[PDB]
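Structure file final36.cif; described as mmCIF, C-alpha atoms.
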data_entry
#
loop_
_atom_site.label_atom_id
_atom_site.label_comp_id
_atom_site.auth_asym_id
_atom_site.auth_seq_id
_atom_site.Cartn_x
_atom_site.Cartn_y
_atom_site.Cartn_z
CA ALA A 106 -46.55 -26.70 -40.72
CA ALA A 107 -43.63 -26.55 -38.29
CA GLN A 108 -40.46 -24.49 -38.78
CA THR A 109 -37.91 -25.75 -36.26
CA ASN A 110 -35.33 -23.39 -34.75
CA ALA A 111 -37.37 -20.46 -36.01
CA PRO A 112 -36.75 -16.92 -34.75
CA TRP A 113 -38.18 -16.65 -31.24
CA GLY A 114 -40.73 -14.14 -32.53
CA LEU A 115 -42.24 -16.59 -35.01
CA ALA A 116 -42.31 -19.34 -32.39
CA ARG A 117 -43.92 -16.89 -29.97
CA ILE A 118 -46.89 -15.92 -32.16
CA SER A 119 -47.72 -19.62 -32.49
CA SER A 120 -47.28 -20.37 -28.79
CA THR A 121 -49.34 -20.05 -25.64
CA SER A 122 -46.00 -19.98 -23.78
CA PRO A 123 -42.63 -18.25 -24.26
CA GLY A 124 -39.34 -20.08 -24.55
CA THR A 125 -40.16 -22.30 -27.53
CA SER A 126 -38.30 -22.36 -30.83
CA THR A 127 -40.70 -23.93 -33.37
CA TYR A 128 -43.04 -21.80 -35.47
CA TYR A 129 -46.36 -23.53 -36.18
CA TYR A 130 -48.63 -22.23 -38.93
CA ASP A 131 -51.15 -23.37 -41.51
CA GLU A 132 -49.28 -24.21 -44.71
CA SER A 133 -51.41 -21.70 -46.63
CA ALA A 134 -49.00 -19.20 -45.04
CA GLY A 135 -50.65 -16.08 -46.40
CA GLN A 136 -51.02 -17.42 -49.95
CA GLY A 137 -53.10 -14.93 -51.93
CA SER A 138 -52.74 -12.14 -49.35
CA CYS A 139 -50.66 -9.02 -50.02
CA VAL A 140 -48.63 -7.05 -47.47
CA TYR A 141 -47.36 -3.59 -48.31
CA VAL A 142 -44.16 -2.82 -46.40
CA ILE A 143 -44.19 0.98 -46.22
CA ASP A 144 -40.60 1.63 -45.18
CA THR A 145 -37.11 2.03 -46.69
CA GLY A 146 -37.90 -0.41 -49.50
CA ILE A 147 -37.31 -4.12 -49.95
CA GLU A 148 -34.28 -5.88 -51.35
CA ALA A 149 -36.57 -8.01 -53.50
CA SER A 150 -33.60 -10.02 -54.82
CA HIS A 151 -32.98 -11.49 -51.35
CA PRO A 152 -33.35 -15.29 -51.75
CA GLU A 153 -35.47 -15.32 -48.58
CA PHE A 154 -38.25 -13.53 -50.50
CA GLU A 155 -37.96 -16.28 -53.16
CA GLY A 156 -39.63 -14.18 -55.84
CA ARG A 157 -42.61 -12.94 -53.80
CA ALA A 158 -41.30 -9.45 -52.97
CA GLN A 159 -41.10 -6.53 -55.37
CA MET A 160 -40.77 -2.76 -55.17
CA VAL A 161 -43.97 -1.08 -56.39
CA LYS A 162 -43.25 2.57 -55.54
CA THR A 163 -40.47 4.87 -54.39
CA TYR A 164 -40.35 8.59 -53.69
CA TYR A 165 -36.56 8.82 -54.03
CA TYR A 166 -33.98 8.38 -56.78
CA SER A 167 -33.97 4.62 -56.22
CA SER A 168 -36.23 1.86 -55.00
CA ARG A 169 -33.20 -0.01 -53.69
CA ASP A 170 -33.32 -0.42 -49.95
CA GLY A 171 -30.03 1.12 -48.96
CA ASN A 172 -30.99 1.01 -45.26
CA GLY A 173 -32.10 -2.57 -44.54
CA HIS A 174 -35.00 -1.75 -42.22
CA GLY A 175 -37.63 -2.28 -44.92
CA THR A 176 -35.95 -5.48 -46.06
CA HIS A 177 -35.89 -6.58 -42.41
CA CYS A 178 -39.57 -5.84 -41.84
CA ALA A 179 -40.59 -7.40 -45.16
CA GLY A 180 -38.58 -10.43 -44.07
CA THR A 181 -40.52 -10.66 -40.82
CA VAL A 182 -43.81 -10.42 -42.74
CA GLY A 183 -43.15 -13.03 -45.39
CA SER A 184 -39.61 -14.24 -45.85
CA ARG A 185 -39.35 -18.01 -46.09
CA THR A 186 -37.30 -18.42 -42.89
CA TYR A 187 -38.00 -15.27 -40.85
CA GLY A 188 -41.53 -14.52 -42.08
CA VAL A 189 -44.93 -14.99 -40.50
CA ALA A 190 -46.80 -15.39 -43.81
CA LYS A 191 -44.21 -17.31 -45.83
CA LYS A 192 -46.30 -17.35 -49.03
CA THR A 193 -47.52 -13.74 -49.10
CA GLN A 194 -47.00 -11.26 -51.96
CA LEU A 195 -44.81 -8.49 -50.50
CA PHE A 196 -44.98 -4.98 -51.96
CA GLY A 197 -42.37 -2.34 -51.17
CA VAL A 198 -43.33 1.31 -50.78
CA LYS A 199 -40.12 3.26 -50.14
CA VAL A 200 -41.38 6.30 -48.24
CA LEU A 201 -38.18 6.45 -46.15
CA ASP A 202 -34.80 7.34 -47.60
CA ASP A 203 -31.77 5.18 -46.88
CA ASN A 204 -31.18 7.07 -43.62
CA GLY A 205 -34.57 5.74 -42.48
CA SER A 206 -36.10 9.23 -42.55
CA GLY A 207 -39.03 10.60 -44.50
CA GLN A 208 -41.17 13.71 -44.78
CA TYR A 209 -44.68 13.20 -43.43
CA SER A 210 -46.01 14.27 -46.84
CA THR A 211 -44.04 11.49 -48.53
CA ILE A 212 -45.25 9.03 -45.89
CA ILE A 213 -48.83 10.24 -46.39
CA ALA A 214 -48.46 9.89 -50.17
CA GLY A 215 -47.21 6.33 -49.73
CA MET A 216 -50.23 5.38 -47.64
CA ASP A 217 -52.61 6.92 -50.18
CA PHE A 218 -50.63 5.08 -52.86
CA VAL A 219 -51.25 1.72 -51.18
CA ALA A 220 -54.97 2.51 -50.85
CA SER A 221 -55.15 2.90 -54.64
CA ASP A 222 -52.43 0.52 -55.83
CA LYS A 223 -54.01 -2.46 -54.05
CA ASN A 224 -56.54 -2.29 -56.89
CA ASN A 225 -53.57 -2.89 -59.22
CA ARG A 226 -52.54 -6.05 -57.34
CA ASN A 227 -54.02 -9.53 -57.09
CA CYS A 228 -54.84 -9.99 -53.40
CA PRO A 229 -57.96 -12.17 -53.30
CA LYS A 230 -57.23 -12.97 -49.63
CA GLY A 231 -56.91 -9.27 -48.80
CA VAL A 232 -54.36 -6.54 -48.29
CA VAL A 233 -52.18 -5.63 -45.31
CA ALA A 234 -49.96 -2.59 -44.77
CA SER A 235 -46.92 -2.78 -42.47
CA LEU A 236 -45.90 0.69 -41.26
CA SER A 237 -42.70 0.24 -39.25
CA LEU A 238 -42.29 4.00 -38.99
CA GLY A 239 -43.41 6.81 -36.73
CA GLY A 240 -42.94 10.42 -35.73
CA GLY A 241 -44.63 12.97 -33.50
CA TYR A 242 -48.40 13.27 -33.62
CA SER A 243 -49.77 14.39 -36.97
CA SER A 244 -53.50 14.43 -37.67
CA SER A 245 -52.72 14.28 -41.40
CA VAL A 246 -50.53 11.20 -40.93
CA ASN A 247 -53.19 9.65 -38.69
CA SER A 248 -55.96 10.43 -41.19
CA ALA A 249 -53.81 9.01 -43.99
CA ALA A 250 -53.51 5.77 -42.01
CA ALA A 251 -57.26 5.92 -41.36
CA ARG A 252 -57.89 6.32 -45.10
CA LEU A 253 -55.62 3.35 -45.84
CA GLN A 254 -57.47 1.30 -43.22
CA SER A 255 -60.88 2.48 -44.43
CA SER A 256 -59.96 1.62 -48.06
CA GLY A 257 -59.90 -2.08 -47.18
CA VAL A 258 -56.27 -2.55 -46.11
CA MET A 259 -55.27 -3.62 -42.67
CA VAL A 260 -53.01 -0.96 -41.28
CA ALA A 261 -50.56 -2.26 -38.70
CA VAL A 262 -48.36 0.51 -37.31
CA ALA A 263 -45.55 0.62 -34.77
CA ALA A 264 -46.44 2.07 -31.39
CA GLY A 265 -43.03 3.75 -31.32
CA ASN A 266 -39.76 3.18 -29.49
CA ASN A 267 -39.91 6.09 -27.03
CA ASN A 268 -41.02 4.18 -23.89
CA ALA A 269 -43.84 6.73 -23.87
CA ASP A 270 -47.62 6.71 -24.27
CA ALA A 271 -48.25 6.35 -28.00
CA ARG A 272 -51.03 8.96 -28.17
CA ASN A 273 -48.32 11.53 -29.02
CA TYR A 274 -47.04 9.60 -32.05
CA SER A 275 -48.32 9.08 -35.59
CA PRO A 276 -49.60 6.93 -37.14
CA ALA A 277 -49.50 5.09 -33.80
CA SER A 278 -52.24 7.27 -32.28
CA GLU A 279 -54.71 6.70 -35.14
CA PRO A 280 -57.39 4.56 -33.44
CA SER A 281 -58.75 2.87 -36.59
CA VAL A 282 -55.41 1.24 -37.49
CA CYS A 283 -53.64 -1.43 -35.44
CA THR A 284 -50.97 0.01 -33.15
CA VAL A 285 -48.40 -2.65 -32.27
CA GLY A 286 -46.23 -2.62 -29.17
CA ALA A 287 -43.07 -4.67 -28.76
CA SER A 288 -42.33 -7.58 -26.44
CA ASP A 289 -39.16 -9.57 -25.79
CA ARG A 290 -38.59 -13.33 -25.71
CA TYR A 291 -39.31 -13.41 -21.95
CA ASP A 292 -42.81 -11.96 -22.52
CA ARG A 293 -41.68 -8.61 -21.16
CA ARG A 294 -42.77 -5.33 -22.68
CA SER A 295 -39.75 -4.21 -24.66
CA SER A 296 -38.00 -1.48 -22.68
CA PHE A 297 -38.37 0.91 -25.63
CA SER A 298 -41.93 -0.09 -26.56
CA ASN A 299 -44.53 2.65 -26.47
CA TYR A 300 -47.71 1.93 -24.51
CA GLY A 301 -51.09 3.48 -23.75
CA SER A 302 -54.75 3.02 -24.55
CA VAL A 303 -54.18 3.38 -28.30
CA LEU A 304 -52.12 0.18 -28.44
CA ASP A 305 -54.14 -2.74 -29.80
CA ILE A 306 -51.67 -5.64 -29.67
CA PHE A 307 -48.09 -6.57 -28.82
CA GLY A 308 -45.78 -8.43 -31.15
CA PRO A 309 -42.23 -9.75 -30.82
CA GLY A 310 -40.07 -6.65 -30.97
CA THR A 311 -36.77 -7.26 -29.16
CA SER A 312 -33.91 -9.04 -30.96
CA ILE A 313 -35.91 -9.96 -34.06
CA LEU A 314 -33.83 -11.89 -36.58
CA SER A 315 -34.89 -11.29 -40.18
CA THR A 316 -33.58 -10.49 -43.65
CA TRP A 317 -31.17 -7.65 -44.33
CA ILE A 318 -29.74 -5.86 -47.32
CA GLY A 319 -26.80 -7.43 -49.08
CA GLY A 320 -28.58 -10.79 -49.07
CA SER A 321 -27.75 -11.15 -45.38
CA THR A 322 -29.58 -11.30 -42.05
CA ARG A 323 -29.40 -9.57 -38.69
CA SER A 324 -31.28 -9.11 -35.43
CA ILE A 325 -32.57 -5.68 -34.36
CA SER A 326 -35.12 -4.37 -31.88
CA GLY A 327 -38.15 -2.09 -32.12
CA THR A 328 -41.94 -1.87 -32.19
CA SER A 329 -41.14 -1.38 -35.88
CA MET A 330 -40.12 -5.08 -35.66
CA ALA A 331 -43.28 -6.15 -33.84
CA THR A 332 -45.39 -4.49 -36.55
CA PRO A 333 -44.45 -6.91 -39.38
CA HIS A 334 -45.26 -9.80 -37.03
CA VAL A 335 -48.84 -8.55 -36.70
CA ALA A 336 -48.99 -7.52 -40.37
CA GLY A 337 -47.79 -10.97 -41.41
CA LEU A 338 -50.19 -12.50 -38.90
CA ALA A 339 -53.12 -10.58 -40.37
CA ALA A 340 -52.19 -11.67 -43.90
CA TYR A 341 -51.90 -15.21 -42.53
CA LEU A 342 -55.29 -14.94 -40.80
CA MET A 343 -56.96 -13.31 -43.82
CA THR A 344 -55.75 -16.10 -46.10
CA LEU A 345 -57.30 -18.60 -43.68
CA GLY A 346 -60.55 -16.63 -43.88
CA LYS A 347 -60.44 -16.04 -40.13
CA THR A 348 -60.94 -12.28 -40.49
CA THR A 349 -60.95 -9.39 -42.95
CA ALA A 350 -58.91 -6.21 -43.30
CA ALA A 351 -61.41 -4.06 -41.39
CA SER A 352 -61.64 -6.68 -38.62
CA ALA A 353 -58.12 -8.13 -38.45
CA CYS A 354 -56.80 -5.98 -35.60
CA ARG A 355 -59.91 -6.65 -33.53
CA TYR A 356 -59.64 -10.36 -34.36
CA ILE A 357 -55.95 -10.50 -33.44
CA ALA A 358 -56.79 -8.73 -30.17
CA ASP A 359 -59.63 -11.18 -29.46
CA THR A 360 -57.47 -14.24 -30.19
CA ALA A 361 -54.26 -12.90 -28.62
CA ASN A 362 -52.48 -14.29 -25.57
CA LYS A 363 -53.92 -12.31 -22.66
CA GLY A 364 -52.18 -11.18 -19.49
CA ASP A 365 -48.96 -12.99 -20.39
CA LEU A 366 -46.78 -9.89 -20.76
CA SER A 367 -45.02 -8.21 -17.85
CA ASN A 368 -44.30 -4.51 -17.31
CA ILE A 369 -47.44 -3.58 -19.25
CA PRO A 370 -48.47 -0.17 -17.85
CA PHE A 371 -51.93 0.14 -16.35
CA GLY A 372 -54.43 0.99 -19.08
CA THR A 373 -52.41 -0.67 -21.86
CA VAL A 374 -53.72 -3.91 -23.34
CA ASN A 375 -51.92 -7.07 -22.22
CA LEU A 376 -52.36 -8.79 -25.57
CA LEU A 377 -49.65 -10.72 -27.43
CA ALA A 378 -50.17 -11.59 -31.10
CA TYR A 379 -51.06 -15.27 -31.40
CA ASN A 380 -51.96 -17.15 -34.58
CA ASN A 381 -53.92 -19.72 -32.51
CA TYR A 382 -52.83 -22.45 -34.92
CA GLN A 383 -53.42 -26.01 -33.70
CA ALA A 384 -51.26 -28.54 -35.54
#
Output the file's structure in the form of structure tokens.
Amino acid sequence: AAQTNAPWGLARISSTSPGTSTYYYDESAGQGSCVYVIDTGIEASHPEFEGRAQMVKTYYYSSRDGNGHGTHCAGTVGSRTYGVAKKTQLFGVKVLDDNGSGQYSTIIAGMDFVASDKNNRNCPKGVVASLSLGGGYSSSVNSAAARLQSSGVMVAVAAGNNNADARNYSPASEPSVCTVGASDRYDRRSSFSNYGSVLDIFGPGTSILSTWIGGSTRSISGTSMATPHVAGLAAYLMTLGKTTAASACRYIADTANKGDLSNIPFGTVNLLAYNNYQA
């Protein structure tokens, strides 16, 4: 399939070169593959989710996304226009209140929830978790992400937006999950993007246009925007049978675009998420 005038991020994951505007992808588009968006929630009623998104769990008075960040990241995973896997079940786990904040215990509970609640969902192609959140290092947050990964879910996490080395941030520093850095449309490491040896892949992270609350759209920047690209890519690749949850991050790193990003610090992988779809 070909989505013309797609967001540059979608066109980039399907491109060996920057500066193109068409997103190419197998029409399966993540059909049968679930992605948990562990964030501020998902405005499931957004027409861009076209019935495929629902809230499955909240730790606050409401499951309404009153922030927009979770709706934005869910839109990058699997919205019809701004999504990587345009046919994927999306599940909202509101571990962040509408200010975008959340106790680590709540975030840990949400990850353990996904590890169990995937057995309550129909994901024959496999399960992905998009964690567009991060704080200082926490071995309990890391181990919770490791549990989620070891349960049979891909865990894609944001490297962080501190322009620092992501070993000091959780769940970014958990080695078993997939730590995603951010790039811009000129194949530059996003100025905010965290780096370091723990990073596994880079996704489009600067000026990412996706869904927003109020049935709208908007463009924002963050590794927390590159993470749904990789999460949606994994769901896309798992539907195609290219890889599994335990192997998706490795597979994405093997099939990525190599050495195409600039301002990648020495020791950080120069890998850009690439669906390697040939129309």
For this session: In Å, rounded to a single decimal, give me how far CA of residue 126 in chain A is from CA of residue 109 in chain A.
Result: 6.4 Å
Problem set entry | Selection dump of the PyMOL selection byres ((chain A and resi 236) around 9), as a ChimeraX atom specification | /A:141-144,234-235,237-239,260-263,276,329,332-333,336
Prev. selection, C-alpha atoms, output as a tab-separated table (two decimals), keeping the file's coordinate frame:
chain	number	residue	atom	x	y	z
A	141	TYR	CA	-47.36	-3.59	-48.31
A	142	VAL	CA	-44.16	-2.82	-46.40
A	143	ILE	CA	-44.19	0.98	-46.22
A	144	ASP	CA	-40.60	1.63	-45.18
A	234	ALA	CA	-49.96	-2.59	-44.77
A	235	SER	CA	-46.92	-2.78	-42.47
A	237	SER	CA	-42.70	0.24	-39.25
A	238	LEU	CA	-42.29	4.00	-38.99
A	239	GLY	CA	-43.41	6.81	-36.73
A	260	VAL	CA	-53.01	-0.96	-41.28
A	261	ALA	CA	-50.56	-2.26	-38.70
A	262	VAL	CA	-48.36	0.51	-37.31
A	263	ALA	CA	-45.55	0.62	-34.77
A	276	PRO	CA	-49.60	6.93	-37.14
A	329	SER	CA	-41.14	-1.38	-35.88
A	332	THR	CA	-45.39	-4.49	-36.55
A	333	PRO	CA	-44.45	-6.91	-39.38
A	336	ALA	CA	-48.99	-7.52	-40.37
For this session: Pick out the residues sitting within 6 Å of residue 326 in chain A, and hand them over as a VMD selection string; count all atoms listed in the file, and ignore anything fewer than 2 positions along from it in its own chain.
Result: chain A and resid 310 to 312
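When the distance limit is 7 Å and all atoms listed in the file are what count, the residues near residue 334 in chain A, minus those fewer than 3 positions from it on the same chain, are residues 181, 182, 189, 308, 309, 331, 337 and 338 of chain A.
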Seminar exercise, completed: From the list A:361, A:314, A:350, A:384, the nearest residue to residue 112 in chain A using all atoms listed in the file is A:314
For this session: Please provide as a PyMOL selection string all residues within 6 Å of range 203-219 of chain A, with the sequence filter that same-chain residues fewer than 2 positions apart are discarded (counting all atoms listed in the file).
Result: chain A and resi 171-172+200-201+221-223+246+249
Restricting it to C-alpha atoms, dump the selection as a PDB file, keeping the file's coordinate frame.
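Below is the file out.pdb, written as the result:
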ATOM      1  CA  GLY A 171     -30.030   1.120 -48.960  1.00  0.00           C
ATOM      2  CA  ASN A 172     -30.990   1.010 -45.260  1.00  0.00           C
ATOM      3  CA  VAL A 200     -41.380   6.300 -48.240  1.00  0.00           C
ATOM      4  CA  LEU A 201     -38.180   6.450 -46.150  1.00  0.00           C
ATOM      5  CA  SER A 221     -55.150   2.900 -54.640  1.00  0.00           C
ATOM      6  CA  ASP A 222     -52.430   0.520 -55.830  1.00  0.00           C
ATOM      7  CA  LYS A 223     -54.010  -2.460 -54.050  1.00  0.00           C
ATOM      8  CA  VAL A 246     -50.530  11.200 -40.930  1.00  0.00           C
ATOM      9  CA  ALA A 249     -53.810   9.010 -43.990  1.00  0.00           C
TER      10      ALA A 249
END
